[PDB]
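Could you have a look at this structure, given as structure tokens, before my questions?
By letter and in written order, the chains are A, B, C, D, E and F; residue numbering begins at 1 in each of them.
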Amino acid sequence: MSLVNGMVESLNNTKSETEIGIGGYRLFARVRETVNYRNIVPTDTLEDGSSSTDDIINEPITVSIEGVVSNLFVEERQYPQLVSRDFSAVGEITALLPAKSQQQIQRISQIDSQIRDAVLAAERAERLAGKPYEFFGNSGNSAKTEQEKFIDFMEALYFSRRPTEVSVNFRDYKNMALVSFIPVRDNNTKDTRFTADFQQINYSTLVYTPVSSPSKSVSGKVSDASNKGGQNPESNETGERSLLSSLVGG
Amino acid sequence: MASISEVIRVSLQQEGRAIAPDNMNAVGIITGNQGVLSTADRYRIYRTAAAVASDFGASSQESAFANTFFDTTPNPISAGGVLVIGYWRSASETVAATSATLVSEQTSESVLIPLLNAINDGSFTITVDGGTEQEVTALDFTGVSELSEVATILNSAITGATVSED
Amino acid sequence: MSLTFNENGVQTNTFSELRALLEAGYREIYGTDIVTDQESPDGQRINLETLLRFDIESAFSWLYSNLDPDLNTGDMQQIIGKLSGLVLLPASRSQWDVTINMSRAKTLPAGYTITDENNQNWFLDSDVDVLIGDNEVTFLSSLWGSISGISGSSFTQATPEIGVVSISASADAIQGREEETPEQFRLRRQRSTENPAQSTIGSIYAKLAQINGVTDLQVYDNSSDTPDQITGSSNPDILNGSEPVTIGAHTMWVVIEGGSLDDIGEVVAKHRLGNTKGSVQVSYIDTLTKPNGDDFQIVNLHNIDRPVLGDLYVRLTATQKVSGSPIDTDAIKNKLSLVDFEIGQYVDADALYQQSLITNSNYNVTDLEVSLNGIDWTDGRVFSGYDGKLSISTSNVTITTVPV
Amino acid sequence: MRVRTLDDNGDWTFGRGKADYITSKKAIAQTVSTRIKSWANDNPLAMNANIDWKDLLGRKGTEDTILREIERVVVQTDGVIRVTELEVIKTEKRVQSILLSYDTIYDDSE
Amino acid sequence: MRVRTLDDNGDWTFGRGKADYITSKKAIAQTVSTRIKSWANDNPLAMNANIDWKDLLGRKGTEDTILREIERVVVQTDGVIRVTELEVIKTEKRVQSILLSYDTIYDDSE
Amino acid sequence: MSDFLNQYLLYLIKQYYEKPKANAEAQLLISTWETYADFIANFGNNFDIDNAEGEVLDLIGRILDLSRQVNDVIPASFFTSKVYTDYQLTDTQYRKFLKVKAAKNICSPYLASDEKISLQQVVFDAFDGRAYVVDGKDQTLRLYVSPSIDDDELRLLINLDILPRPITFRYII
């Protein structure tokens, strides 16, 4: 659409110095590295001669990285990858919540300790959404060689079915989805030569949102009224608990 | 109140980049009006209309010429150039009597202060109006953080004259 | 007096007070005498912010205003009404007992619809068990309310099983109950505020007033060891008392009308703790398992009384007052008639004035009184009779106008 | 675009409504000037408000990324076109001062 | 996740219901500790319960696969994130002792 | 600087937390909203039968059908906030009557009812723990009380039927 949008959101992905790799796994070597900007320009000669422009439909950028992984990779000059902070309680806003007695508070404490064990994993996952490497983490076991680590990380990313962030030099694209990962092992080199095509998952906001990206502490707070479909509760079986004894009388 | 400012400050450019007429495009406008450029101040260097105004006033014809200068779209300062206002004595300049001055060496403020802060006692010999030799024997320079402060100390020390840093 | 929840109630500051508070703050922070205040940009701004805050404060004022059974008027009325276990009575389909007569007696499922005098459907949920003779079934109106009809043969043979012959029923209707309006609910709740109390003098009233057909009620108790006295009662209005009765000691007494005998008996047998006095003999049965694992039916028989309805006579004089603006007696009669009277309540001159006035009244009242036997008025109260409900018929409400 | 002016020290201004508002070409100036100053994970209502300072002035070797992020913030500003920015001193003690120059959408009317 | 605590020697605990249950971060500890100890073709209700010991301590040259399978069991545990494990002694008589360290889902709240 | 003000000021971005005018203005908005927050928090504190005086008490009366008008005379609780007529109730008495009324609203003819709330429990915490109900013979309901209640009050409650009473009642001295 606008020509102004071009430079504006062309710089919207700035590559940090730390050089995230395929998502934090930089322990290989990039033999080749390509991106494919494509466009659909409708073919036939456009209709008016005055204003019938705005006909270059954009396309999902793909990024192809072929490299090699060896047992012993020595990285030349790159800064450490540091664990991102847990900035979830930045807006956390208590102290308006009710005054409730002890062991009414502590009952809530036990409930919180009870379902934090079941939610905190996915909470960390969403905190570390772009970058899977420090989610899965350094393998940490001395038995698995480096090619172990590359293969098991790649399989974890691939089965994860979550988009990752991929850095070609000069850009750290934010939501790349692993499209194709082909590791090859010649019988004349113990390394693994792998080609990985990613495809950006670009998605814009249709609806009025005053806040671009809030904290977890207000993300639901500023959410607009979400919609779920209908359903016939009278015709459910998986939870057809009887009427509570406290209600039949009342 | 520990401000954000002490980890980042963002202000407006203040001095006119303080460059010198090195390239070919160092063009001049010669006035003859002894308003601000008297003899021994024969020239002043500018790179914007507003500065010429502030030294010359949008009323004086010199600022008018600067205005019609910088208004040219590919003007000299767009290709490594400066404007400079000269001064030829049109008629009977009267140079007001001055007072004796003493401009010191270019001191970087990163070396003068560390050397000063160790100097407990002071020691000067100065003379003003050829009077009796004045000796200054106590200048506790220890508590000094910028040249303005040593300037104030010297101002308090040298009787019969004023000390400034610039 | 800004938003003080004090003994005086809630005192939410007025809009002008909130604007003054915000303007004073802005003035101290920024400018002592300088910043503009009204009909001006910054002023309209201040207005918007105060509008938000005063929205919230008026919500506070309303919330406390609806902590009051005499002013609630809405959902908040029922929320305050759940503070005892009572809610508004639900609209009830009107019943209609009719005679059908089918050539065969297999089965009748839901569908039927009759009496096209009105666009009505009166369906059922049960079979027929007798031959072409006039066997009776009950239909429920398709309109929840005080629906009724008169004996007309205008049935819409919706999907008849055989369609034998017309089903004209004998004339008797159960009106059915239109959903309880909040106005009734206010008085019922405030009167029945002892609902969750399970068989105390107020429990009987509160749990009898829930009955599908009851209209007017009173409860009595004789807590003394001495007979022929009344101490506890549904309304405090009669505690004033000192008027004769014929009851026994350690005895309750219900006066009730319109409830089904079955349900009235249900409540009285579940909620009595002593002797009961009455004429009508309500009943209850209960299925209890013996510890040997058997079955049997106790019958709980208890006596209650239905009020002897009566009349009431009112001595009223009206002073119409604008030269040539005569009173309308008919309107006064039709108003003073429409006063609902509780069971055996003291009718006194003292309240009837408020009902002796209509919305635009040109007449004053200067000599009003009440009497029981059409004569012999007494300047204050007069007693109805502990088991006597009263009305004011258009016939006996006498009004005497004085010209001016 | 209008925006409330800030005084010299940068505190807010109330009063003189519709007159404490910067009109243009200076509204862009103010808005860039304090878009640079907006630490990233500060605002719970915009956690990517602007460039991340606690994670760029606290780590060695970010000068290039400081400059790239400043160019990102400035260019993505309603009213600017180009930039021309680099570093002028070299951490005279350890503080480096960078020079940032941008062409607003004004002064291009010829 | 709750789980019944085991006492020092590792026998079961009954009594003190809702109190002999390990709450968390220790429930993960207990559950990994005795997931390692679950021989594979033991349980007729889970014949691939955990790693196969009768076919890994009875065959020469499995140390790498012992370690890989221990990492498999630990990582596939409800509550752990990473591991950091290797061998610390070298079969001091013939028993090798390996050191296993894992980061539970806790202690990552910053 | 209480919790409300502090946690809300974090929504001031850090260009504006330290500029005195801006911080003062944000604190002004937060404070004006904070008085509402405090009001909501203290509604519970200041509403119930305990910490209630004047009109709210009367409100409670009309929600429990007990006006301060008992039409009877009781001596004064001579141990200013509010004064009424002689034949009404000073606040504290009317408070604790409303507590008794609240009890008798949820009465039941059982002294140790395991399913529903008993008479004994509710009359006992009606008087905050200075009452004791034991039945009699001709359905008498003997009622022991602590000596911290004058005979006038209790004889009045029995003479107005505010104590919980299914059919019969009495007291003891």
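Throughout what follows, a contact is a pair of C-beta atoms (placed from the backbone, for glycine too) under 8 Å apart; a residue touches a chain by one contact, two chains touch by 3 or more.
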Pair exhibiting more inter-chain C-beta contacts, C-D or A-F:
C-D
Comparing centres built from CA atoms, which chain ends up most distant from chain B?
C
Counting only Cα atoms for the centres, state how far chain B is from chain E in Å.
77
CA centroids of chain E and chain F: separation to the nearest Å works out as 58
For chain C versus chain F, what separation do you get between their C-alpha means, in angstrom?
29
Inter-chain centre distance, chain A versus chain B - centres from mean C-alpha coordinates, in Å:
57
Per-residue multi-chain contacts in chain E, two or more chains:
none
Where in chain F do residues touch two or more of the other chains?
10-11, 14-15, 21, 25
Multi-chain contacts in chain B: which residues touch at least two other chains?
4
On the basis of the stated criterion, which chains touch which? Give every pair.
A-D, A-E, A-F, B-D, B-F, C-D, C-F, D-F
Taking the touch rule as given, give the residues of chain A at its contact with chain D in the complex, in rising order.
7-9, 11-12, 14-17, 79, 82, 85, 87, 90-91, 210-215, 217-218, 222
Touching chain F in the complex, chain D uses residues 9-14, 34, 37-39, 42-45, 49
The chain B residues in contact with chain D across the complex are 4, 7-8, 10, 12-13, 73, 110
The answer for chain D against chain C in the complex is residues 13-18
Please name which positions on chain F make contact with chain D in the complex.
10-11, 13-16, 19-22, 25
